[PDB]
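One structure below.
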Amino acid sequence: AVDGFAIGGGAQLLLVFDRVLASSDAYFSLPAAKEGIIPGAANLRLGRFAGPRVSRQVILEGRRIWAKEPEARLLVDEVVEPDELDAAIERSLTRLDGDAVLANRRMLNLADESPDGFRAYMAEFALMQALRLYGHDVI
Amino acid sequence: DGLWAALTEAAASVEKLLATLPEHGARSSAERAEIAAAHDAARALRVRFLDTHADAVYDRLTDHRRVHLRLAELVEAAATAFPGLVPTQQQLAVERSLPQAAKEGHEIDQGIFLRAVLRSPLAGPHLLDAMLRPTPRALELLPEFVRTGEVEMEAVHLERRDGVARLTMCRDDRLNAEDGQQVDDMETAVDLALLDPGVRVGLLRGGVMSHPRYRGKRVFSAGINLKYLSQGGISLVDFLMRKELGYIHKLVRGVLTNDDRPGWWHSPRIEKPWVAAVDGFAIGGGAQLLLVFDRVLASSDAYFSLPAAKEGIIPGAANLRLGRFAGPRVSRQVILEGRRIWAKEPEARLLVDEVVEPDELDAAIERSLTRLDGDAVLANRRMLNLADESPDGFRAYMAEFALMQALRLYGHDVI
Amino acid sequence: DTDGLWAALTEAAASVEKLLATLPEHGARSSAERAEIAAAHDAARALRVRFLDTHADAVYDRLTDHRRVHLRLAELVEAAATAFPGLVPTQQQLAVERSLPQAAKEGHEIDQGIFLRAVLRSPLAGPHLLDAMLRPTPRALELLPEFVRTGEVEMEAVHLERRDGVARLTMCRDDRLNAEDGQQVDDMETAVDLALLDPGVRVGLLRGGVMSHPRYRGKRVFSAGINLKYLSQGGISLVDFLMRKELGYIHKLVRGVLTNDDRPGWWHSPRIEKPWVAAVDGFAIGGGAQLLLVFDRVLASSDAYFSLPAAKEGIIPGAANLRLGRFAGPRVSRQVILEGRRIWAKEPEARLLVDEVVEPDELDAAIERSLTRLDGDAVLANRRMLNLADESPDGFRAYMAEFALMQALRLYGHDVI
Amino acid sequence: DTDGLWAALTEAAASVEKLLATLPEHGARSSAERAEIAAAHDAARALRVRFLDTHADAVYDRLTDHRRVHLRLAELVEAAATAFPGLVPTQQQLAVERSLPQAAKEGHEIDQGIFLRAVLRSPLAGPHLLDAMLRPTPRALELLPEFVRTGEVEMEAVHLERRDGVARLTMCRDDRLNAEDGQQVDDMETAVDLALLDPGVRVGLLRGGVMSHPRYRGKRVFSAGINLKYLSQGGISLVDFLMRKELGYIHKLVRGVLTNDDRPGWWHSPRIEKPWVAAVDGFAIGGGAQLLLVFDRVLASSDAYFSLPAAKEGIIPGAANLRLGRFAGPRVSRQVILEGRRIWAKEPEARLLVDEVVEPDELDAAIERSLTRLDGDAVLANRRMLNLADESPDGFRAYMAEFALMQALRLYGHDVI
Ligand SMILES: CC(C)(COP(=O)(O)OP(=O)(O)OC[C@H]1O[C@@H](n2cnc3c(N)ncnc32)[C@H](O)[C@@H]1OP(=O)(O)O)[C@@H](O)C(=O)NCCC(=O)NCCNC(=O)Cc1cc(O)cc(O)c1
Ligand SMILES: CC(C)(COP(=O)(O)OP(=O)(O)OC[C@H]1O[C@@H](n2cnc3c(N)ncnc32)[C@H](O)[C@@H]1OP(=O)(O)O)[C@@H](O)C(=O)NCCC(=O)NCCNC(=O)Cc1cc(O)cc(O)c1
Ligand SMILES: CC(C)(COP(=O)(O)OP(=O)(O)OC[C@H]1O[C@@H](n2cnc3c(N)ncnc32)[C@H](O)[C@@H]1OP(=O)(O)O)[C@@H](O)C(=O)NCCC(=O)NCCNC(=O)Cc1cc(O)cc(O)c1
């Protein structure tokens, strides 16, 4: 559930949950673009959520999607006024209970992101990131 | 006929129980029920008298539509020339002293009056024309403003620059929360802006806020001051009416000037294009005004509402305009169900023109003012308004408002 | 008299009077026999107009003791018939007419059309006749007390109910998909009237009940429009249905009912008005979808649509021509009306007439939460203000004037049938 | 008459007449000499107004034997000139004014603007001058028979052609991408009267024919704005084009043509109207897109765009300021009219001027299939009732009245040139 805002790792995590809720006053970004480091596994996942086009407007040009703009539905599931977010949230948890969800979830992930896919990506990350750490402009 | 005195004994009885009874708050139940019944018979009579004698009453107060009188002036003049028809200065004074919760609702009479006046195809266009003429305090500070280029006033901060009359809502305490003193600095900011030959385009925005929840950030407006509302600080006439017949109307049609300066035959009114920029949010009157500018800009983090729906009062002339902006369907989701359109949701484009990130709003705004310069804009603007909202349309609406609002003022739940 | 028209008209008709009297019924109609009856009619109706263009207010003043007695449509046209023979059909003529094969009638209702129009075009009569069809009907004034004590009233077309401060109206014609006719128009006005008066009703509700016909069994439909049956046969009445609907209850939903100078606060609120909510199941077609443009809040179920179908050969769909515009734009409206387009609840342009489009298994819940959001005494004030800005008393009056003679024309235009 | 506002005016026109006749030719004039002649015009025009605010109906009654003779714009202003010297330019002065460049003209048209504005504000002469403009023109009337015969007219601008009940208009001006001008407007109205009085036509269609200019060779092109070069050069007549085309043919596409009490049913339909379908190829700029705001069905190509370019330095974009808001809302219409926005065929908001958008490949078949959906009778009785609610008689006239003098002032505004 997103209150206020999801910037950076905050946003990165939203690409791994089964259901994302956010109050209408929210927005999301990774706006480390011109100087910051690589935003984790976002470069690996944001693609499958909002295409290569948006994916780059976000991560490369530093754009941010506002909770209420149409394109926010590529990342979030539900968007409601903060003074009803609580119930939106509760009524949410009770919908993913059954063991039917455990199975379907599990297959869906097997399709979205696979073992080789994550491994290959995390490999290059290990180094790429290192270097991006000790890089003049990020420092 | 003999309607007058009829009305008179009516205000008579009322005047009576106006002393015999104990302070409001300790009456009972044929105590209350009796004053209440009284008033009704009186106000009921105030109406019948005016339905047939408004034009007369108006003619006597203005030497037959020969002297333009602003709202305050007109109602006052009405009081001393027709005791019982509308409250006197002092009478109101007693009222304003008490808290909006315990008043006898004497404003409702001004509501019944001002209504009948605007309902006439003779008096109404005149009371209106009269509320379009430059405000004295404005003609007072004009020369000083023209030479200075800067006028500092409690709620508003005017400033001419590059041909722009930039107004800046600066309640560095209270989120520009409107109040009948702002409605004054505001109507003066507009006039000066319109009469300053050096101004071509107007700009309305919010200054930086001092309050902790918003220190260092601009805020457009938080609607009306809910506080003074309960306390008895929101004048039906001096604020709620003066507001819609005063500056807000000027932003549409301009300042009715005196036959002086070449062109008056084709343009008795000086109008200019205005541009509103929204920072943070436009709640209430803040939002209401956005339905009258030539160009609205807003940072992507903004939203708008009038979310007085289940208890509050009528949101000004919104009920009259929001329709033409977003259909009867949305119009009601906003005003009736209390919904708010977020700057970035698609439906925000029914109200705003441009929406950009706050760290580029400044340029979006500048590049905006330079686009409404030519005299081609003055003409096209003027015709567009003639189509969108017409004279009869506004008059009819403002009429019923005069009363409807009055009553919505002294209504249990709003209080 | 002086004018002269009253005699020209009095004779012009006198002619038709005879000509009809002599010639046989229709179809026998030798032949250009008709061209004569034709011309007779045209010269007569042409005269009915000129007379009223200059004497409507008078004629109206005599029928209502100078705008001093409120008379409903039926009453007014009847009163007109006996006091100005030739101007408008008599209870009898209409009888003869209302018992023939629509496609073979002289078209006397057209006379009723020329009257309703001139009467509404007048800024004198106009307001008065309409404030007369603001006023609550007798049937309801009569039924009110039992309603206040019971909270239940089973009528033929509608089923009224008071539950939780909500006037639940339920168009219940399951045999025809809530078709349309004078009894329906009579039950709806009565029902609406009862709602508006019941000091126990804060908000109104209109939904269709479950249908019993085999095509849509178990489910419920909002309305399937005007009963075509009864228009073919003849006999969708121009005055007891078409005009009544628009000036009576449909207009009450917008301005409330007009009460006598009884209660305290009349001087300021002569009419009792409350918000209304309409929920759509299955569909609204025809008159049904016409109503949608008068409701404060509106729900439909995902899998329905809204259309006014008669594009190429039907009639005029009431005030949908004065209202759709304000709702979806000049192109939308001409699409819906002129080219019979249909809109589905789940398509974008649907949010132009619908406030919420909710899965059928969730509709009950949505409806119930909306009835709880239009409570206040502010919502009543903001409602009255908004309707004033949308549909000014004048615009409506004007549109109804022409509609009465135009719908009348369309009600007989040979093609219609 | 007695209040002698006329002698003031008369008196004033002289001070102008003297100053001109005794001061050097325009550009030869000194700063002071400029300020003086200019001061005289203002005092004169200022007086032209005051006189008419109180005597328009009179002046109008004398020029038309008390609203008893319908006179078109040209006729009326001419008649006004000879019967009230000083009120409005004579044919001669208009002749001279034309001889020069916009900006050495004394701007006499402004007077015709003050005149036309006074007449239209009058609830008496207003609707009367407007009915005279709806009457069919002498040229059209002249050609009505040969059109009924041949089924084809071919004027310098348009090219009319009956075909299946369709009055196919085609603004063929390949030389200029169909830039409006004085003649173009004449043929347009003639072409529209023809389509309206020819019983053979049921549905009219406006479309731009193939171009002949190298840049566009081979492609059809709806419209490319008003003929500029004349705005520079002095061909745009405030009356014979700007006003005519609004009060004339463009208004006939809405209400049709007012006939005489000839054929039967005139008592209920004094005007003959029919549906229209414009089709946009390439683009629709200026006056062109102004036309789309009154059609019954707009077809547009995929590559087409719409705009009202007369933004920064120009003249009012026609009754567009009266209609645009109704199709796109106050924030649309200003973006388009004030800021100069341009709407493309394939973008979302194009659906709020256009009904269909199809690839040039198939636009041709599409236009056809729609030409056969407005055939109906209700499609006349729906059309007519929609246009009444869309744009009121008062509403339109109010606009026109202020347009006449606001636009007259634009022709001469310094920027425009
Ligand atoms: C805007 C808010 C949501 C901000 O929430 P926060 O971030 O929670 O800030 P807050 O801590 O609440 O407020 C910041 C600060 O501003 C003050 N503030 C905020 N809103 C107001 C208003 N409306 N008045 C006065 N002071 C205000 C608030 O009191 C705080 O100072 P403190 O009380 O000392 O703490 C909140 O302030 C709020 O809900 N205000 C209610 C807004 C409102 O409902 N206005 C009602 C509008 N109703 C009309 O305009 C009616 C109207 C107006 C007209 O002009 C004409 C007409 O015909 C009809
Ligand atoms: C709704 C439908 C599409 C349903 O299709 P199906 O699922 O195919 O059901 P059906 O088998 O056709 O009909 C089910 C059932 O309802 C009956 N039914 C359905 N519609 C009607 C109508 N309109 N009248 C009478 N009975 C009807 C139908 O006759 C069936 O019973 P049977 O005849 O014995 O079989 C169909 O019934 C239909 O097309 N109805 C036409 C709807 C229509 O065009 N109404 C016209 C509306 N035109 C107006 O309201 C004009 C108007 C009304 C006003 O109120 C005011 C005004 O000023 C103008
Ligand atoms: C359409 C264009 C963008 C086309 O660009 P291109 O492909 O670059 O073609 P061009 O080479 O410029 O023009 C092709 C050809 O058509 C001629 N042409 C194009 N537009 C015009 C106009 N408006 N007038 C005359 N001739 C024209 C142009 O002069 C060329 O011939 P040449 O001059 O000999 O070369 C261009 O022609 C253009 O910008 N025209 C300006 C369009 C314009 O602004 N019209 C102004 C509209 N303003 C109104 O209608 C105001 C109005 C009209 C009314 O009817 C009523 C009313 O109340 C108010």
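Going by the conditions given, is C:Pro330 surrounded by 18 or more Cβ atoms within 10 Å (Cβ to Cβ) and within 14 Å of chain D (Cβ to nearest Cβ)?
Yes: the conditions hold for C:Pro330.
When the residues of segment B:290-345 are narrowed to those that are more than 8 Å from chain C (Cβ to nearest Cβ) and among the hydroxyl-bearing types (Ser, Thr, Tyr), which ends up nearest to C:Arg373 (Cα to Cα)?
B:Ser305
Looking at (1) more than 27 Å from C:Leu196 (Cα to Cα); (2) assigned to a loop (DSSP other than H, G, I, E, B), which is the only condition C:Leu374 fails?
(1)
In segment C:297-346, how many residues are within 11 Å of ligand 2 (Cβ to nearest atom), in contact with a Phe, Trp or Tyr (Cβ under 9 Å, 6 or more places away or on another chain) and among the β-branched types (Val, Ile, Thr)?
Summing the residues that are within 11 Å of ligand 2 (Cβ to nearest atom), in contact with a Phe, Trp or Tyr (Cβ under 9 Å, 6 or more places away or on another chain) and among the β-branched types (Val, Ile, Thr) in segment C:297-346 gives 1.
List pairs: first in segment D:99-110 and farther than 21 Å from D:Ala80 by Cα, second exposed (fewer than 15 other Cβ atoms within 10 Å of the Cβ) and of a type in the set (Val, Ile, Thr), Cβ under 7 Å, 6+ apart or cross-chain?
As it stands, the answer is D:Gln102/D:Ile417; D:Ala103/D:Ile417, since those pairs meet every condition given.
Out of segment C:94-115, which residues are in a helix (DSSP H, G or I) and surrounded by 15 or more Cβ atoms within 10 Å (Cβ to Cβ)?
C:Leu94, C:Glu97, C:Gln102, C:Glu109, C:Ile110, C:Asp111, C:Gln112, C:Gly113, C:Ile114, C:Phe115
Can you tell me which residue within segment D:245-268, out of those that are touching a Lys or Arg at 6+ places or on another chain (Cβ under 8 Å) and farther than 16 Å from D:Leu196 by Cα, is nearest to ligand 2 (Cβ to nearest atom)?
Once the filter is applied, the top-ranked residue is D:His268.
Quick one: D:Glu152 ticks every box in (1) touching a residue at least 24 places away in the same chain (Cβ under 8 Å); (2) acidic (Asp, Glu); (3) over 16 Å from D:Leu411 (Cα atoms) except a single one, so which number is it?
(1)
Please indicate, with yes or no, whether at least one residue in segment B:341-358 is of a type in the set (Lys, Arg), in a loop (DSSP other than H, G, I, E, B) and more than 14 Å from ligand 1 (Cβ to nearest atom).
yes
For segment B:46-94, which residues satisfy the criterion of being closer than 16 Å to B:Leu127 by Cβ and either within 14 Å of chain C (Cβ to nearest Cβ) or basic (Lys, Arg) (or both)?
B:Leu50, B:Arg60, B:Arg65, B:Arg66, B:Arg70
Could you list, in sequence order, the residues of segment C:196-210 that are within 17 Å of C:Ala278 (Cβ to Cβ) and either assigned to a loop (DSSP other than H, G, I, E, B) or within 16 Å of ligand 3 (Cβ to nearest atom) (or both)?
Those that are within 17 Å of C:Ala278 (Cβ to Cβ) and either assigned to a loop (DSSP other than H, G, I, E, B) or within 16 Å of ligand 3 (Cβ to nearest atom) (or both): C:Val201, C:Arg202, C:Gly209.
Among the numbered conditions (1) within 14 Å of chain D (Cβ to nearest Cβ); (2) assigned to a loop (DSSP other than H, G, I, E, B), tell me where C:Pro24 comes up short.
(1)
Rundown of residues vs (1) closer than 27 Å to D:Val416 by Cα; (2) hydrophobic (A, V, I, L, M, F, W, C); (3) in the same structural domain as D:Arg29 (by CATH), yes/no style:
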residue: D:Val69; (1), (2), (3): no, yes, yes
residue: D:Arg72; (1), (2), (3): no, no, yes
residue: D:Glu78; (1), (2), (3): yes, no, yes
residue: D:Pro89; (1), (2), (3): yes, no, yes
residue: D:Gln93; (1), (2), (3): yes, no, yes
residue: D:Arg98; (1), (2), (3): yes, no, yes
residue: D:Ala103; (1), (2), (3): yes, yes, yes
residue: D:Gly107; (1), (2), (3): yes, no, yes
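Have a look at C:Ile367, C:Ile337 and point out the one that is crowded, with 20+ Cβ neighbours inside 10 Å and either over 30 Å from C:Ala46 (Cα atoms) or within 11 Å of chain B (Cβ to nearest Cβ) (or both).
None of the others qualify; the one that does is C:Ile367.
Could you please give the count of residues in segment B:28-52 that are more than 18 Å from B:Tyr410 (Cα to Cα) and free of Cβ contacts under 8 Å to residues at least 60 places away in the same chain?
8
For (1) of a type outside the set (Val, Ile, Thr); (2) under 18 Å from the mean Cα position of the chain (by Cα); (3) assigned to a strand (DSSP E or B), each residue gets a yes or a no:
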{"position": "B:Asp191", "(1), (2), (3)": "yes, yes, no"}
{"position": "B:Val199", "(1), (2), (3)": "no, no, no"}
{"position": "B:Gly202", "(1), (2), (3)": "yes, no, yes"}
{"position": "B:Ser210", "(1), (2), (3)": "yes, no, no"}
{"position": "B:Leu229", "(1), (2), (3)": "yes, yes, no"}
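Is it the case that segment D:144-157 has a residue that's among the basic types (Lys, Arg) and either surrounded by 20 or more Cβ atoms within 10 Å (Cβ to Cβ) or within 30 Å of D:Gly27 (Cβ to Cβ) (or both)?
no
Answer yes if at least one residue in segment C:116-137 is within 14 Å of chain D (Cβ to nearest Cβ), small (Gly, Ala, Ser), away from ligand 3 (no atom under 16 Å from the Cβ) and part of a helix (DSSP H, G or I), and no otherwise.
Within segment C:116-137, one or more residues are within 14 Å of chain D (Cβ to nearest Cβ), small (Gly, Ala, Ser), away from ligand 3 (no atom under 16 Å from the Cβ) and part of a helix (DSSP H, G or I).
On the basis of being surrounded by fewer than 17 Cβ atoms within 10 Å (Cβ to Cβ) and within 25 Å of A:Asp112 (Cα to Cα), does A:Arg19 make the cut?
For A:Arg19, the condition - surrounded by fewer than 17 Cβ atoms within 10 Å (Cβ to Cβ) and within 25 Å of A:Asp112 (Cα to Cα) - is met.
Yes or no: D:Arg351 buried (at least 22 other Cβ atoms within 10 Å of the Cβ), away from ligand 3 (no atom under 15 Å from the Cβ) and either in a helix (DSSP H, G or I) or of a type in the set (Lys, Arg) (or both)?
For D:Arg351, the condition - buried (at least 22 other Cβ atoms within 10 Å of the Cβ), away from ligand 3 (no atom under 15 Å from the Cβ) and either in a helix (DSSP H, G or I) or of a type in the set (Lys, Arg) (or both) - is not met.
Before we move on, is C:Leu411 buried (at least 21 other Cβ atoms within 10 Å of the Cβ), closer than 30 Å to C:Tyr230 by Cα and within 9 Å of chain B (Cβ to nearest Cβ)?
Criteria not met by C:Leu411.
Given the conditions (1) over 17 Å from the mean Cα position of the chain (by Cα); (2) within 14 Å of chain B (Cβ to nearest Cβ), and given that A:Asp97 satisfies all but one, which numbered condition is not satisfied?
(2)
Restricting attention to segment A:26-63, which residues are in contact with a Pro (Cβ under 8 Å, 6 or more places away or on another chain), surrounded by 19 or more Cβ atoms within 10 Å (Cβ to Cβ) and not in a helix (DSSP H, G or I)?
Passing the criteria: only A:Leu30.
Residue by residue through segment D:295-320, note down the ones that are part of a loop (DSSP other than H, G, I, E, B) and either more than 11 Å from ligand 3 (Cβ to nearest atom) or among the hydroxyl-bearing types (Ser, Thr, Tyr) (or both).
D:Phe295, D:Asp296, D:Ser302, D:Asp303, D:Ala304
Test A:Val2 against the stated conditions and say whether it is surrounded by 15 or more Cβ atoms within 10 Å (Cβ to Cβ), under 30 Å from A:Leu133 (Cβ atoms) and touching a residue at least 60 places away in the same chain (Cβ under 8 Å).
Yes; evaluated as a whole, the condition is true for this residue.
With the condition kept exactly as written, say whether any residue in segment D:159-166 is in contact with an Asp or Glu (Cβ under 6 Å, 6 or more places away or on another chain), surrounded by 16 or more Cβ atoms within 10 Å (Cβ to Cβ) and of a type in the set (A, V, I, L, M).
no
Scanning segment B:276-311 for residues that are of a type in the set (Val, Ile, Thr) and in a strand (DSSP E or B), which turns out farthest from ligand 1 (Cβ to nearest atom)?
B:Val296
Could you check how many residues of segment D:229-269 are exposed (fewer than 15 other Cβ atoms within 10 Å of the Cβ), within 20 Å of D:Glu313 (Cα to Cα) and free of Cβ contacts under 8 Å to residues at least 60 places away in the same chain?
Result for segment D:229-269: 1.
Cβ: placed from backbone, ideal geometry, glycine included. Neighbour counts: every protein chain shown. What is reported rests on the model, the rules as stated and the sources as named; nothing here is a laboratory result.
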